[PDB]
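One chain follows as structure tokens, the form deposited in one PDB entry.
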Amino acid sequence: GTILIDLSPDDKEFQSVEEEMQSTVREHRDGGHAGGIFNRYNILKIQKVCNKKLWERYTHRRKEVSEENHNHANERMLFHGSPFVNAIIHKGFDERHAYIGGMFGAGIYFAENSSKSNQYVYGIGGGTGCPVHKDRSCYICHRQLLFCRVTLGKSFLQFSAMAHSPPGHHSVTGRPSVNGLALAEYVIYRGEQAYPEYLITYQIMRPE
């Protein structure tokens, strides 16, 4: 049921999604080990992910959460990187997409920093890198991230450097507590609380 609609680079929607991707790059404490060494991306394509059944699954859950949280879904647009991006856009997020060994438990993880999600494109810790060159810093191979609409509801705040949500909460927020430049990361425990709205194809760019 999924169709992918190409956005033109001239379209304001392409430009605003590109700007969120580029402006949320940061340096990582691994010196680039997992995701590569880069300061910016070459955006090759942005596609809108259109699936009516998956969208309605998302909005149904969104209304449930909103009604449990004084009419406030606490909806964000967050990045997701995963070896399973093809399955996610066709089947929806579910338990198979969870980070079993995540620091906040087995849930589905999202990032404000696009470069944090980029660390998971080829697997946990970047796996063995791109399939063609086995290079975690490959500048040649095409990568993909999702930019997703995510319902947080009442989020449990974890200060720090599938399972169930903490009771009375709909998600967990991992607040950066050491690295002052890090943006927040978030975990949901129900696949219905994210919709994979944009599929972004890109390369990391070698700094000059």
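In this text, the rigid core denotes the largest set of C-alpha atoms whose superposition between the two forms falls within 1.5 Å. The numbering used is simple: start at 1 and walk along the sequence shown.
> Given that the flanking residues are present, does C50 go without coordinates in at least a third of the other entries of this protein?
Counting only entries that model residues on both sides, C50 is resolved in every one of them.
> Considering only other entries where residues before and after it are modelled, is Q158 without coordinates in at least a third?
Per the records, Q158 is modelled in all the other entries.
> Using none, 1 to 3, 4 to 9 or 10 or more, say how many deposited residues go missing between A161 and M162.
Missing in between: 1 to 3 residues.
> Averaged over C-alpha atoms, is the B-factor higher for 197-205 or for 1-9 in this PDB entry?
Higher mean C-alpha B-factor in the PDB entry: 1-9.
> Between 134-142 and 73-81, name whichever shows the higher mean Cα B factor according to the PDB entry.
Higher of the two, by average CA B-factor, is 134-142.
> Could you tell me which one of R175, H170, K45, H60 shows the highest CA temperature factor in the PDB record?
The listed residue with the largest C-alpha B-factor is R175.
> Of the options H28, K154, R149, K53, which has the highest CA B factor as deposited?
Going by the entry's C-alpha B-factors, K53 comes out highest.
> Please place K116 in the lowest, middle or highest third of its chain according to the CA B-factor in the PDB entry.
According to the entry, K116 has a C-alpha B-factor in the chain's lowest third.
> Thinking about Cα B factors across the chain, which third does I108 belong to?
Tercile = lowest for this residue's CA B-factor.
What follows is about the form deposited in another entry, which we do not show.
> Would you mind telling me which residue of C50, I37, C141, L183 shifts its Cα by 2 Å or more between the shown form and the other one when the core is superposed?
Single hit from the list, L183.
> Do you see a C-alpha shift of 2 Å or more at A111 between the shown form and the other one, with the core held fixed?
Not so; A111 is displaced by less than 2 Å.
> Is it true that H80 shifts between the shown form and the other one by 2 Å or more at the Cα, once the core is aligned?
No.
> Align both forms on the core first, then report whether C130 has a C-alpha shift of 2 Å or more between the shown form and the other one.
Shift at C130: below 2 Å after core fit.
> Note whether the distance between the C-alpha atoms of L181 and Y120 decreases (closer) or increases (farther) in the other form, against the displayed form; the change is 3 Å or more.
Compared with the shown chain, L181-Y120 is closer in the other form.
> Are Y99 and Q203 closer or farther apart at the Cα level in the other form than shown, by 3 Å or more?
It is farther: in the other form, the C-alpha atoms of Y99 and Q203 lie at least 3 Å more apart than they do here.
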